[PDB]
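Each remark here refers to the structure printed beneath this line.
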Amino acid sequence: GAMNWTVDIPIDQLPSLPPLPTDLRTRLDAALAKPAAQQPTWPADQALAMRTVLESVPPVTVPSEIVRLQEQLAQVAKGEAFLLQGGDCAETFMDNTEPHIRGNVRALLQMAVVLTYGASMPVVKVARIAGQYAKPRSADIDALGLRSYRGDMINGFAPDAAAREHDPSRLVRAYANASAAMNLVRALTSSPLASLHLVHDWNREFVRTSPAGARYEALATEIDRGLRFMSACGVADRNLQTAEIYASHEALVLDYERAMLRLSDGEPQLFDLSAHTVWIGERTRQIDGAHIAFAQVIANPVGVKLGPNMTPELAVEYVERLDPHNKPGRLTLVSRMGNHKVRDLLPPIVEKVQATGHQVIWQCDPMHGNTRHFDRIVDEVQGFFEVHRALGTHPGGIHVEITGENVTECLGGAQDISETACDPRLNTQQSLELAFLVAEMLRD
Amino acid sequence: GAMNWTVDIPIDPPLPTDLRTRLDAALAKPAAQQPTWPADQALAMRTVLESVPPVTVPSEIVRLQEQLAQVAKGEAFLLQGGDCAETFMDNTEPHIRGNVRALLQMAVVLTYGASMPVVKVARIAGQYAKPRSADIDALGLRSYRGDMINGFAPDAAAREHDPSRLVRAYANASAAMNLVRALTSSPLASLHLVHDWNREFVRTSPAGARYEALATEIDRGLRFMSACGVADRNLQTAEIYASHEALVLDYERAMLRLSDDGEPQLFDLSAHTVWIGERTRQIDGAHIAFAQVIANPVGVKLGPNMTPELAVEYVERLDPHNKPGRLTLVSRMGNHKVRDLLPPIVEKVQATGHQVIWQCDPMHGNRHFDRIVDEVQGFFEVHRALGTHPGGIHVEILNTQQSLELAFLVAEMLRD
Amino acid sequence: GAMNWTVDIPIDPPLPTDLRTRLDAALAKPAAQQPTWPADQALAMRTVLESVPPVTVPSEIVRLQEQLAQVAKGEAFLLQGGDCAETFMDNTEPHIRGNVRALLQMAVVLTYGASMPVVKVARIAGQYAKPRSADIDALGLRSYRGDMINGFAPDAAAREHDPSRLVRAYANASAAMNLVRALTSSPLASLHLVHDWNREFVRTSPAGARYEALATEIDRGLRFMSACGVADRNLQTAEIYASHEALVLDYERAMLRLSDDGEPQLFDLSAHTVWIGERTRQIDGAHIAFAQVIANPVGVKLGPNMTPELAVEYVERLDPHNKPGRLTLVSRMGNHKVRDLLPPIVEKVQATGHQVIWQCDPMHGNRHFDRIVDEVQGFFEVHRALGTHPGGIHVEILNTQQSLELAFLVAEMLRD
Amino acid sequence: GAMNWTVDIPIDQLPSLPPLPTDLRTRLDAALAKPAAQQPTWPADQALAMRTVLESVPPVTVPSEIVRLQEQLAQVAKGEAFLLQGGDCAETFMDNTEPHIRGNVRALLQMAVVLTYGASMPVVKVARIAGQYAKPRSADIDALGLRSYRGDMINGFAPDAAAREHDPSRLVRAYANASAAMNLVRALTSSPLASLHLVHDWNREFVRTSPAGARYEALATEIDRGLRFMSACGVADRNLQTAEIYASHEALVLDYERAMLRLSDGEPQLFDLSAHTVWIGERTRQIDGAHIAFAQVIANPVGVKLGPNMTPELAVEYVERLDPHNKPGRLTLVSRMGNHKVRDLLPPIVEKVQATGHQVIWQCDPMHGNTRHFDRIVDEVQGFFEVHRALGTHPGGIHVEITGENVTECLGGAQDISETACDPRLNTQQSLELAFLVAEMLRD
Ligand SMILES: [Cl-]
Ligand SMILES: [Cl-]
Ligand SMILES: [Cl-]
Ligand SMILES: [Cl-]
Ligand SMILES: [Cl-]
Ligand SMILES: [Cl-]
Ligand SMILES: [Cl-]
Ligand SMILES: [Cl-]
Ligand SMILES: [Cl-]
Ligand SMILES: [Cl-]
Ligand SMILES: [Cl-]
Ligand SMILES: [Cl-]
Ligand SMILES: [Mn+2]
Ligand SMILES: [Mn+2]
Ligand SMILES: [Mn+2]
Ligand SMILES: [Mn+2]
C-alpha cells in the first residue's frame with residue numbers, strides 16, 4: 001500500500017474452460033508422480049489455486065507455430081539450417097521492458113544475419129524470453145544467510161527473508177510478463193527493426209566501436225556487399241519471409257508448465273503453450289524424474305543439457321525416451337562440457353547417439369561449463385566444431401546468454417573487460433563478436 | 001500473495017518540454033465519466049504501467065494511418081467490430097478466436113461486395129470501460145462501468161471503483177493482443193477457410209437461402225484467385241488492429257510512449273486507434289484535448305444533436321494538418337433520423353477540404369436487427385446522394401449469425 | 001536476289017545410334033498426305049533448317065508436359081485454338097495480336113467457370129499444312145494444302161508443290177513466335193484488360209444480354225483479387241504454347257534437335273506440342289512412328305470410325321511409360337454421334353491405367369454454331385456419366401465473337 | 001540450284017498494312033533528304049520493293065519493351081544502374097545458330113552477375129544481336145582487289161565479285177535472321193539458362209581453367225557466398241525478375257531501319273522495332289546527316305560513338321539534337337578514344353555536356369579506339385573510370401565485342417594469346433576476365 005511502496009493486484013477468479021482429455025491427463029498424472037528436483041516449496045493448495053487461474057488464460061504460443069518450429073528444427077538436424085538460441089540468463093519482471101526486449105531482439109537478428117552469411121544456410125532464431133524466470137540452486141543458503149533466489153517465478157531477488165519466500169502468485173505474475181513480452185516480440189519481428197537494411201549500420205557501429213573492430217571489418221564488408229547485391233537483384237523486404245523469433249525457457253517449474261498445457265492434434269496431443277520449445281537443465285534431467293517424463297508427454301521440440309558427467313549410454317537413453325518416433329529435430333542435445341573437456345568428452349557421446357539412427361540437433365552451450373572469460377567461451381565452440389568436423393556430423397547450433405546492453409559481466413572481448421540476476425551474459429559487443437567468430441568456424 | 005489472491009508489485013527520461021506542457025493542459029481540462037478512485041492510488045497504478053511493454057508499437061499506428069488514408073480517399077472500407085464490452089471472465093482463447101474468425105469472415109464478404117480492401121479494426125485488447133447515463137442502476141447499485149473500473153457482480157463491494165483494475169486491464173489487453181498477433185499469422189487467417197464458414201452460415205441461418213447466391217459468388221471468386229496461381233504465401237498476412245473507447249484517462253495517459261515525420265510525438269500504445277464517445281466529446285474537455293496530443297488515428301461519435309458547425313470544429317481541432325485518415329466521424333443517429341440529420345453535417349465538413357472517414361455506427365442510436373440494417377442503408381443513401389464515400393461500419397458483435405448477415409447486406413449495399 | 005524476288009542461301013554431330021535407328025525406321029514407314037516434291041530439293045531445304053534457331057526450346061516442352069499432366073489428373077483445363085490455317089499473307093502483328101487477345105480472353109472466362117488453371121495452346125507458328133480428301137479441287141486444280149506446300153491462288157503454277165515453302169514456313173513461324181513471346185510479356189497479357197474486352201463482347205453481341213451475368217461475376221472476381229492485394233507483378237507471366245498438326249514430315253524431321261530424365265532425346269522444336277490428324281494416324285504409319293520418337297506431348301484426332309481397341313493401341317504406343325499429359329485423345333465425332341461413340345472408347349482407355357487428356361474438337365465432325373456447342377455439351381455429358389475429366393477443347397477461331405460465346409457456354413458447362 | 005549448292009527462296013509479295021501517319025512520314029522524309037554516308041549502292045526500285053515487304057512483317061521488338069528499357073536507362077543516367085552492352089562485332093547468317101546465340105547469352109548473363117556484385121546496383125543487359133549485320137568500310141577496295149564486305153545485310157563475306165554485289169534481298173534475309181535470333185533470346189532468358197544458380201559452376205570453371213584464375217578466385221568466392229546468402233534468406237528463382245536481354249545494333253542501313261518503323265503513343269510516335277536501342281557510328285554521325293536526323297525522329301533510346309576527333313562543342317550539339325526534351329538515358333554518349341588518349345580527351349567533353357543540365361549515359365567502348373591487346377582494352381576502361389571519379393560523374397557502362405566461343409582474336413588475357421567476319425572479339429575467358437576487372441573498378 002501507500003506506506004511500503006507496493007500495490008496489491010487482485011487475481012480474478014474466473015470460470016474454468018473444459019478439462020483436458022482424461023486419457024492425456026492420465027498420462028500426465030503418471031509422469032508427474034515421478035520425483036521432481038528443484039521444485040518450489042509452496043503449499044499444494046496455493047499451487048492448485050494458481051494453476052487453475054492459468055488453465056483458462058490465452059496461451060503464449062499456438063500449436064501451428066510449434067509445428068512450424070519442428071519443421072525448421074528438422075532442417076537443422078539434417079545439416080540444412082543452423083540454430084541460434086540466446087537471451088537473458090534470467091529474465092526479471094523489473095527488466096521486462098520495451099528497451100530491454102528490443103535490445104535482445106536486435107542482438108539475435110544481428111547475430112543471425114552474420115551466421116546466415118557464414119553458414120550459407122538459414123538460421124532458426126530461438127530467444128530465451130517470455131518465460132525464463134526460474135533457476136535451480138545448488139546452495140541451500142546463499143552468502144547473505146538467506147534462502148536462495150530461484151528466479152522471479154518463485155521468489156524475489158531482494159536480499160530479505162519475506163521476498164525470498166516461495167509465492168505461487170508469482171506463477172500468475174510470470175504469465176502476465178511472458179504474454180506482454182511475447183506480444184512485443186511478435187510486434188517487433190513484423191516491424192522495421194526486422195529489416196535486413198538496418199544490418200549495414202549495426203555492423204558498421206560494431207566495427208567502428210570495437211577495439212578488435214579492424215579484425216571483423218572484412219567479414220562486415222562482405223555481408224554489406226552481399227545485402228547490396230540482394231537488393232541490386234531486385235529483392236525488397238516485401239519479398240522476404242517475415243522474421244520469426246521463437247520463445248524458449250528451461251522447463252523447471254512444473255506447476256507453471258502443466259497449467260500452460262493445451263490440447264491440439266492428427267491424434268490429440270498436449271502442447272506446452274508457455275513457449276515454442278523448452279529444455280531440461282543439468283540438475284533436473286534425471287532419467288526416471290518428472291522433468292524428462294513431462295518432456296515425453298508434450299508435443300513441443302525439447303532440449304536436454306549434457307554436462308561433463310554425461311556418458312554415451314545415458315545420452316542414448318534420452319534419445320529413446322524423448323525421440324521414440326524418430327522425428328528429426330524433436331530432440332536437441334546441448335553440449336556444456338567446458339573448453340578444456342569438450343574435445344575429449346563429446347566425441348564418444350556423438351558416436352553412440354549417431355549409431356541409434358536417430359537425428360538429434362547437436363547444439364553447443366559454451367557458457368555453463370566455463371564470471372566467464374570470453375576466450376574460453378570461444379574455445380569451447382571451436383572444440384565443438386572440431387568434434388563434429390572429425391566425426392562428419394552437423395555442428396547444429398549455439399545456446400548463448402546475451403543482452404543488447406553494454407553491461408560488464410563477461411571478461412575479455414575487444415573491450416578487454418577486467419546487472420544479471422544470475423550468471424554473466426555477453427554484452428551487445430561480445431555477443432556480436434562471437435557471431436563473427438562462429439561465422440568464420442562455419443566457413444573454414 | 002497467493003493467500004490474499006493478490007500479485008504484489010514494488011513501485012520503488014522526461015517528455016520534450018512542449019509535449020509535457022500540452023499533455024498537462026489537456027489533463028487539467030474537465031473530464032466526464034472518470035472513475036472516482038483516489039489520485040494517490042491511481043498514481044501508483046500508473047507508475048506500474050509506465051514501464052510495461054506496450055500493447056502496440058508506433059510503426060503499426062503509422063501503417064494503420066496509411067490504410068485509413070485509403071479509406072478516406074474512397075479506395076478502401078473500414079470494418080470495426082467486436083465485443084460491446086470485453087470482460088476478464090471471457091478473455092479466453094475460444095472467445096478471442098471466435099471474434100477474430102467473425103471479423104475475418106465479415107471482411108472477406110465486404111471485400112467482395114466493395115471490390116476494394118477492408119481495413120479490420122477489432123474492439124479488443126482494452127474495451128474494458130464504458131460511460132453510464134446514471135451513477136445508480138435499476139438494482140440501486142453504483143453502475144457497472146466495465147472491468148477496468150469495477151465488477152459486474154450485483155453487490156456494492158464489487159461496484160466500488162478499484163484502480164488495481166488499470167493493471168488487470170493491461171494484463172488482459174496484452175494477453176489478448178499476443179493471441180490476436182498469433183492467430184492472424186496462423187492457419188485461421190487463410191482465405192481457404194471462408195468456403196466452410198459461409199457454407200455453415202448459409203446452411204444454419206433461418207434466412208440462409210437469401211445469402212446462398214452471394215456466398216457462391218465469393219466461393220467462385222476465391223477459387224478463381226487460386227486458379228490464377230495465388231497461394232496464401234503470396235498474400236499480405238492478415239492485419240487486425242486493436243481499438244477501444246479512450247475513456248479512462250488514467251489508463252490512456254499511463255500507456256503514452258514517445259516515438260519519432262522526424263519529430264518526437266506521443267503515441268497511445270494501449271491500442272492502434274481509439275474513439276471518443278458521445279458522453280465524453282465535450283469540445284473544451286480533456287478527452288478531445290488528449291486526442292489532439294496523441295499521434296494515433298482517432299474517431300469521434302456523432303449523435304442526433306450534432307450540428308454541422310460543431311462537426312467542423314471537431315475536424316479542425318483533430319485534423320489540424322489535413323492528414324486523410326487521421327479522423328473518423330462516426331454517425332450514430334438512429335434509422336429514423338440518419339437520412340435527415342447526416343446530410344448537412346457531411347456537406348459542411350466536405351466543404352472544409354479536410355478528408356475524414358465517414359463511418360456508420362448503427363447500434364447506439366437504435367435492438368431490432370431491421371432498424372440496425374435500415375440505419376446503415378440510410379447512411380449509404382446519404383453518401384450516394386452527396387457523392388461522398390460511405391467509409392465503414394462500427395458494430396458490436398448482434399450474435400455471430402446476425403453480424404455475418406449484416407456483412408452480406410452491407411456487401412449488397414456496396415454493390416448497388 | 002531482289003531482281004528474281006528470291007533470297008539466295010548457300011547450302012555448302014551425329015544422333016545417338018539408337019535414335020538414328022528409330023528415326024530412320026519411323027520415316028521408312030508409309031506416310032499419307034505428303035507433298036510430291038523431289039527428294040533432292042527437299043534434302044537441300046532440310047539442310048537449311050538443320051542449323052536455324054529453333055521455334056521452341058526443350059525446357060518449355062518439359063514445362064508444358066508438367067502442366068498437361070495437371071490437365072490429365074483433372075486439376076487444369078486445356079484451351080487449344082487459333083487459325084484453321086495460318087497463311088503467310090495474314091502473318092502480321094494485327095492478326096497475331098487478335099488471336100493472342102482471343103485466347104487470353106477465352107482462357108480467363110474458362111478459368112472462372114472451371115475454378116482451375118487453363119493451359120493456353122495456340123494453333124500458331126507453324127499451322128501451314130493441311131491434308132485433303134481429293135488431290136483435285138472443285139475448280140479442277142491440284143488442291144491447296146497450306147502455304148508450307150503450295151499457294152492458295154487458283155492457278156496451276158501456284159498449286160505446284162514448292163519445297164522452298166519449308167523455309168518460308170520456318171521464317172513465318174519464327175517471326176510469329178517472337179511476337180507471341182513479346183505480347184505474352186507485354187501489357188496485352190494483364191488481367192485488367194478483360195473488363196473492357198468482356199464489356200465490348202456483351203455490348204456488341206446479339207446474344208450479349210445472355211452473358212452479361214457471367215461477365216459481371218468475372219469482373220467482380222478480378223476486382224476481388226486486386227482488392228486482396230494481387231497485382232500483375234505477383235502473377236505468373238502469361239504462357240501461350242505453340243502447336244500445329246505434324247503433317248509435313250520433311251519440316252518436322254528438319255526441326256528435330258537433341259536434348260537431355262538425364263538421357264538424350266529428340267525434341268521437335270518446330271512447336272511445343274503437335275497432333276496427328278484423322279487422315280495420317282495409320283497405326284503402322286510414319287506419323288504415329290515419328291510421334292513415338294519425339295519427346296513432345298502429342299495429340300491424336302479420333303473420328304467416328306474409332307474403336308475402343310484401336311484407341312487403346314494408340315495410348316499404349318504413344319504413352320508407353322505411363323506419363324500423364326504425354327498423350328491427348330481429341331474426340332471429333334459430330335454432335336449427333338459423340339454421346340453414343342465416345343463412352344465405350346473412354347471406358348476401355350481408362351481401364352488401361354494410362355491417363356490421357358480427353359479433349360473435344362467440335363469442328364471437324366460437324367458449320368452451324370449450335371451443332372458445335374452441342375458436340376461440346378455431349379462430350380461433357382459423356383465424362384460426367386463416367387466420372388472422367390472433360391479435359392479441354394480444340395477450336396478453330398468461329399469469328400472472334402462466336403469463339404468468345406463458346407468460351408461463355410463451356411464455362412457454364414464446367415460449372416454445371 | 002542443284003549444280004551450284006544454293007537454294008533460291010521466293011519472297012512472298014503480300015498485302016500492305018495501312019501506311020504510317022502522313023505527319024510522321026513528312027518528318028521522316030525531311031530527315032532522309034539529308035545526306036547519308038556508307039549506304040549500300042543498290043538501285044532505288046529494288047530497295048523500295050524490299051522495304052515494302054518489311055513494312056508488313058511482325059516486329060522484332062514491341063513499344064512497351066522500349067518504354068521499359070528507357071525507364072532502366074534513366075536509372076543508369078542517374079548513377080543507380082550500370083549498362084552492359086556486348087556481343088558479336090558482326091553477326092553472320094552462317095553463325096546465327098542456337099549454340100552461338102546461347103554462348104553470347106551465357107557470356108552476357110555471367111558478366112552481368114559479376115558487375116552487379118561489384119557495382120552493388122542493377123545491370124541493364126543490351127546484346128549486340130538480332131540485327132548487327134551492317135558495317136561501314138573506310139577502304140573502297142579490300143586487300144584481295146574486291147569491293148569491301150559490308151556485312152550480311154548488304155553483301156557476302158565470300159571473296160568473289162558476285163557475292164560482294166549489294167543485294168537488298170539481304171534486307172529480308174536479315175529480318176528473318178533477326179526475328180529467329182530474337183525468338184531464341186526471349187526463350188533462353190525465360191529458360192533455366194537465366195538461373196543465378198548456374199553462376200557458381202560458370203565462375204568455378206573460369207577460375208579453374210584461367211591461368212590468371214587464382215587472381216579472380218577471391219571475388220568469385222565472394223559472389224558464390226553472396227548467392228548462397230540470398231538463397232539462405234529464402235530467395236528462389238520464382239521470387240526474382242525474369243532476366244531481360246535487350247537487342248541493339250548500329251543503325252547503319254537506313255532502308256532497313258525505315259521499313260522497320262511502326263506507330264505507337266501519349267502522342268503518336270515512330271518506334272524503330274528492328275531493335276530496342278540503336279547507336280550511330282563514328283563514320284555516320286554527321287550532325288547534319290540522315291543518321292542523326294533519323295535518330296531524332298524515333299522514340300528508341302539512342303547512342304552516339306565519340307572518337308578522338310570529338311570536340312566538347314559537337315558533343316553538346318548531339319545532346320541538343322537527340323535529347324531536346326531532357327529525358328535522362330534517352331541519349332548515350334559512347335567514348336572510344338584509345339587507352340593513351342581517353343584520360344586527356346574525355347574530361348573536357350564530359351564537363352561541357354554536364355553543364356547543359358541534360359543527363360546522358362557515359363558509356364566506355366574500349367575496343368574501337370585500340371588485332372587488339374587485352375591490356376590496352378582494360379587500361380581504356382581504367383582511364384574512363386578515372387575521368388568520371390575526378391569529375392564526380394557516373395561511369396555508366398561498357399560497350400564490348402565478345403563471344404562465348406574460345407576463339408583466338410584478341411592478344412593477351414590469362415591465355416597469353418600471341419572466326420570474326422570483322423574486328424577481333426574477346427573470347428569467353430577474356431570477356432569474363434574484363435567483367436572481374438571492371439567489377440574491381442566499380443568497387444575501388
Ligand atoms: Cl519483484
Ligand atoms: Cl507418444
Ligand atoms: Cl574446462
Ligand atoms: Cl496526477
Ligand atoms: Cl502537432
Ligand atoms: Cl431513430
Ligand atoms: Cl532422305
Ligand atoms: Cl523412349
Ligand atoms: Cl453428327
Ligand atoms: Cl551467305
Ligand atoms: Cl519530338
Ligand atoms: Cl591510344
Ligand atoms: Mn545461465
Ligand atoms: Mn456499446
Ligand atoms: Mn481445320
Ligand atoms: Mn567492331
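Labels used: A, B, ... for chains in the order of the C-alpha cells, numbers from 1 for residues in each chain, and numbers from 1 for ligands as shown.
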* Asked: chain B residues within 8 Å of chain A, counting only C-alpha atoms: which ones, as number ranges by chain?
  -> B: 1-3, 5-12, 41, 44-45, 51-57, 59-60, 88-89, 91-93, 164-165, 167-168, 171, 174-179, 181-183, 186-187
* Asked: When the cut-off is 6 Å and we count only C-alpha atoms, which residues of chain C are near chain B, given as a list in words?
  ->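 Contact residues on the first chain: residues 112, 115, 116, 117, 221, 223, 224, 225 and 227 of chain C.
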Quick one: write out the picked residues with C-alpha atoms as a tab-separated table (two decimals), in the first residue's frame?
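The resulting result23.tsv:
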```
chain	number	residue	atom	x	y	z
C	112	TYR	CA	-13.53	-18.60	-63.85
C	115	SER	CA	-12.23	-22.89	-60.95
C	116	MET	CA	-8.88	-24.31	-62.14
C	117	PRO	CA	-5.97	-23.18	-64.33
C	221	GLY	CA	-13.82	-11.83	-59.31
C	223	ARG	CA	-11.68	-6.79	-58.69
C	224	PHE	CA	-11.75	-9.06	-55.57
C	225	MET	CA	-8.30	-10.49	-56.46
C	227	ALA	CA	-8.71	-5.85	-53.54
```
* Within-6 Å residues of ligand 3, basis only C-alpha atoms and all ligand atoms, as a VMD selection string -> chain A and resid 338 to 341
N, CA, C and O atoms of the current selection, written as a tab-separated table (two decimals), in the first residue's frame:
```
chain	number	residue	atom	x	y	z
A	338	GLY	N	32.74	-27.44	-20.93
A	338	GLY	CA	33.94	-26.63	-20.65
A	338	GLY	C	34.94	-26.75	-21.80
A	338	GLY	O	35.00	-27.82	-22.41
A	339	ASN	N	35.68	-25.69	-22.11
A	339	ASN	CA	36.55	-25.66	-23.32
A	339	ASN	C	37.66	-26.72	-23.19
A	339	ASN	O	38.02	-27.31	-24.22
A	340	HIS	N	38.14	-27.00	-21.98
A	340	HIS	CA	39.25	-27.96	-21.74
A	340	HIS	C	38.76	-29.41	-21.93
A	340	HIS	O	39.63	-30.29	-22.12
A	341	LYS	N	37.45	-29.67	-21.89
A	341	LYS	CA	36.92	-31.07	-21.85
A	341	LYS	C	36.10	-31.43	-23.09
A	341	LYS	O	35.98	-32.64	-23.36
```
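The residues of chain A lying at most 7 Å from chain D, with only C-alpha atoms taken into account, are residues 116, 117, 120, 121, 122, 225, 226, 228, 229, 230, 232, 233, 234 and 240 of chain A.
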* Expected selection as a PyMOL selection string for ligand 9 within 6 Å, only C-alpha atoms and all ligand atoms -> chain C and resi 334-337+366
Keeping only C-alpha atoms, write the selected residues as a short mmCIF file (atom, residue, chain, number, x, y, z; two decimals), in the first residue's frame.
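The resulting file, again-v4.cif, is reproduced below:
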```cif
data_model
loop_
_atom_site.label_atom_id
_atom_site.label_comp_id
_atom_site.auth_asym_id
_atom_site.auth_seq_id
_atom_site.Cartn_x
_atom_site.Cartn_y
_atom_site.Cartn_z
CA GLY C 334 -20.15 -34.83 -84.66
CA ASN C 335 -22.86 -33.61 -82.23
CA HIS C 336 -25.30 -36.45 -83.27
CA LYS C 337 -22.71 -39.24 -82.51
CA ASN C 366 -19.67 -31.06 -87.87
#
```
In region 393-438 of chain D, what's strand (DSSP E) per DSSP? Answer as a PDB file with C-alpha atoms, in the first residue's frame?
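That gives us states.pdb:
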```
ATOM      1  CA  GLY D 397      28.583   1.355 -68.634  1.00  0.00           C
ATOM      2  CA  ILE D 398      30.707  -0.548 -71.152  1.00  0.00           C
ATOM      3  CA  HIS D 399      30.161  -1.469 -74.839  1.00  0.00           C
ATOM      4  CA  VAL D 400      32.346  -4.560 -75.696  1.00  0.00           C
ATOM      5  CA  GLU D 401      32.697  -7.029 -78.641  1.00  0.00           C
TER       6      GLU D 401
END
```
* **Between CA of residue 373 (chain A) and CA of residue 411 (chain A), distance in Å (one decimal)** => 4.8 Å
Got a sec: who's within 12 Å of residue 125 (chain D), counting only C-alpha atoms, leaving out chain neighbours fewer than 6 positions off, as an mmCIF file with N, CA and C atoms, in the first residue's frame?
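Listed below is the output, around.cif:
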```
data_model
loop_
_atom_site.group_PDB
_atom_site.id
_atom_site.type_symbol
_atom_site.label_atom_id
_atom_site.label_comp_id
_atom_site.auth_asym_id
_atom_site.auth_seq_id
_atom_site.Cartn_x
_atom_site.Cartn_y
_atom_site.Cartn_z
ATOM 1 N N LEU D 69 12.915 -0.307 -71.356
ATOM 2 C CA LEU D 69 14.365 -0.077 -71.483
ATOM 3 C C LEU D 69 14.670 1.408 -71.126
ATOM 4 N N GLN D 72 14.829 1.997 -67.502
ATOM 5 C CA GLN D 72 16.028 1.401 -66.891
ATOM 6 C C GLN D 72 17.265 2.253 -67.251
ATOM 7 N N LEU D 73 17.312 2.811 -68.454
ATOM 8 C CA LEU D 73 18.443 3.660 -68.896
ATOM 9 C C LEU D 73 18.392 4.999 -68.130
ATOM 10 N N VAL D 76 20.296 4.276 -65.130
ATOM 11 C CA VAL D 76 21.750 4.303 -65.443
ATOM 12 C C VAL D 76 22.235 5.764 -65.459
ATOM 13 N N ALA D 81 22.039 2.469 -61.846
ATOM 14 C CA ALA D 81 22.231 1.201 -62.573
ATOM 15 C C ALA D 81 23.460 1.323 -63.483
ATOM 16 N N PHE D 82 23.993 0.201 -63.947
ATOM 17 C CA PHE D 82 25.142 0.121 -64.869
ATOM 18 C C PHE D 82 24.686 -0.557 -66.164
ATOM 19 N N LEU D 83 25.172 -0.084 -67.310
ATOM 20 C CA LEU D 83 24.808 -0.638 -68.637
ATOM 21 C C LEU D 83 25.903 -1.590 -69.104
ATOM 22 N N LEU D 84 25.532 -2.838 -69.390
ATOM 23 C CA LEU D 84 26.426 -3.817 -70.039
ATOM 24 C C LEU D 84 25.930 -4.034 -71.462
ATOM 25 N N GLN D 85 26.733 -3.658 -72.450
ATOM 26 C CA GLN D 85 26.334 -3.823 -73.866
ATOM 27 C C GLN D 85 27.416 -4.644 -74.538
ATOM 28 N N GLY D 86 27.030 -5.763 -75.129
ATOM 29 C CA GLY D 86 28.019 -6.629 -75.756
ATOM 30 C C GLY D 86 27.449 -7.698 -76.641
ATOM 31 N N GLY D 87 28.329 -8.253 -77.462
ATOM 32 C CA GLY D 87 28.064 -9.362 -78.393
ATOM 33 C C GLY D 87 29.023 -9.291 -79.564
ATOM 34 N N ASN D 104 26.559 -16.407 -76.443
ATOM 35 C CA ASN D 104 26.578 -14.924 -76.266
ATOM 36 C C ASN D 104 25.623 -14.534 -75.139
ATOM 37 N N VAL D 105 24.497 -15.246 -74.984
ATOM 38 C CA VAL D 105 23.529 -15.007 -73.879
ATOM 39 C C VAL D 105 24.176 -15.415 -72.557
ATOM 40 N N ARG D 106 24.835 -16.585 -72.506
ATOM 41 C CA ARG D 106 25.562 -17.062 -71.298
ATOM 42 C C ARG D 106 26.607 -16.015 -70.878
ATOM 43 N N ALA D 107 27.435 -15.565 -71.821
ATOM 44 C CA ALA D 107 28.529 -14.606 -71.583
ATOM 45 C C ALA D 107 27.969 -13.315 -70.969
ATOM 46 N N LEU D 108 26.910 -12.749 -71.538
ATOM 47 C CA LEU D 108 26.283 -11.501 -71.040
ATOM 48 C C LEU D 108 25.770 -11.750 -69.609
ATOM 49 N N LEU D 109 25.082 -12.852 -69.375
ATOM 50 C CA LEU D 109 24.483 -13.131 -68.039
ATOM 51 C C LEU D 109 25.616 -13.279 -67.017
ATOM 52 N N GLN D 110 26.678 -13.994 -67.362
ATOM 53 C CA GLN D 110 27.851 -14.247 -66.473
ATOM 54 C C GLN D 110 28.514 -12.918 -66.124
ATOM 55 N N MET D 111 28.843 -12.134 -67.149
ATOM 56 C CA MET D 111 29.431 -10.779 -66.963
ATOM 57 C C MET D 111 28.494 -9.928 -66.090
ATOM 58 N N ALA D 112 27.181 -9.987 -66.326
ATOM 59 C CA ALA D 112 26.233 -9.089 -65.640
ATOM 60 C C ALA D 112 26.193 -9.415 -64.136
ATOM 61 N N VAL D 113 26.258 -10.689 -63.757
ATOM 62 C CA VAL D 113 26.192 -11.072 -62.305
ATOM 63 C C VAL D 113 27.448 -10.542 -61.611
ATOM 64 N N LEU D 115 29.368 -7.919 -62.519
ATOM 65 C CA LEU D 115 29.271 -6.448 -62.492
ATOM 66 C C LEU D 115 28.223 -6.021 -61.470
ATOM 67 N N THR D 116 27.129 -6.767 -61.332
ATOM 68 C CA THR D 116 26.079 -6.441 -60.343
ATOM 69 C C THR D 116 26.701 -6.502 -58.935
ATOM 70 N N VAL D 185 16.487 -15.647 -78.085
ATOM 71 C CA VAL D 185 16.906 -14.829 -76.912
ATOM 72 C C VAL D 185 15.755 -14.764 -75.886
ATOM 73 N N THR D 189 16.013 -16.447 -72.155
ATOM 74 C CA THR D 189 16.016 -15.565 -70.957
ATOM 75 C C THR D 189 14.902 -15.959 -69.987
ATOM 76 N N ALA D 243 15.058 -12.590 -66.304
ATOM 77 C CA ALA D 243 16.211 -11.954 -66.971
ATOM 78 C C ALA D 243 15.707 -11.214 -68.215
ATOM 79 N N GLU D 244 16.134 -9.969 -68.398
ATOM 80 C CA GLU D 244 15.753 -9.179 -69.600
ATOM 81 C C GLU D 244 17.028 -8.883 -70.395
ATOM 82 N N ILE D 245 17.136 -9.382 -71.614
ATOM 83 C CA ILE D 245 18.264 -9.011 -72.514
ATOM 84 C C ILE D 245 17.651 -8.286 -73.692
ATOM 85 N N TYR D 246 18.040 -7.040 -73.868
ATOM 86 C CA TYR D 246 17.533 -6.162 -74.949
ATOM 87 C C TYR D 246 18.418 -6.355 -76.171
ATOM 88 N N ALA D 247 17.889 -6.009 -77.320
ATOM 89 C CA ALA D 247 18.558 -6.130 -78.618
ATOM 90 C C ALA D 247 18.996 -4.751 -79.085
ATOM 91 N N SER D 248 20.185 -4.695 -79.659
ATOM 92 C CA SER D 248 20.791 -3.488 -80.233
ATOM 93 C C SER D 248 21.615 -3.818 -81.460
ATOM 94 N N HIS D 276 15.675 -2.682 -79.718
ATOM 95 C CA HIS D 276 15.237 -1.880 -78.562
ATOM 96 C C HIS D 276 15.940 -0.541 -78.639
ATOM 97 N N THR D 277 17.241 -0.595 -78.877
ATOM 98 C CA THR D 277 18.122 0.595 -78.898
ATOM 99 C C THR D 277 19.097 0.420 -80.029
ATOM 100 N N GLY D 397 28.562 2.716 -68.076
ATOM 101 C CA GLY D 397 28.583 1.355 -68.634
ATOM 102 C C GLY D 397 29.712 1.093 -69.574
ATOM 103 N N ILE D 398 29.716 -0.112 -70.137
ATOM 104 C CA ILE D 398 30.707 -0.548 -71.152
ATOM 105 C C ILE D 398 29.982 -1.096 -72.381
ATOM 106 N N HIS D 399 30.596 -0.909 -73.537
ATOM 107 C CA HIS D 399 30.161 -1.469 -74.839
ATOM 108 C C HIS D 399 31.326 -2.308 -75.367
ATOM 109 N N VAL D 400 31.212 -3.631 -75.374
ATOM 110 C CA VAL D 400 32.346 -4.560 -75.696
ATOM 111 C C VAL D 400 31.925 -5.521 -76.823
#
```
* Fewer than 3 positions away in the same chain doesn't count, so skip those; otherwise give me all residues within 6 Å of residue 133 (chain D), counting only C-alpha atoms, as a PyMOL selection string. => chain D and resi 90-91+151-153
* **Surroundings of ligand 15 up to 9 Å, based on only C-alpha atoms and all ligand atoms, as a list in words** =>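 I would give the residues around ligand 15 as residues 83, 84, 85, 130, 363, 364, 395 and 396 of chain C.
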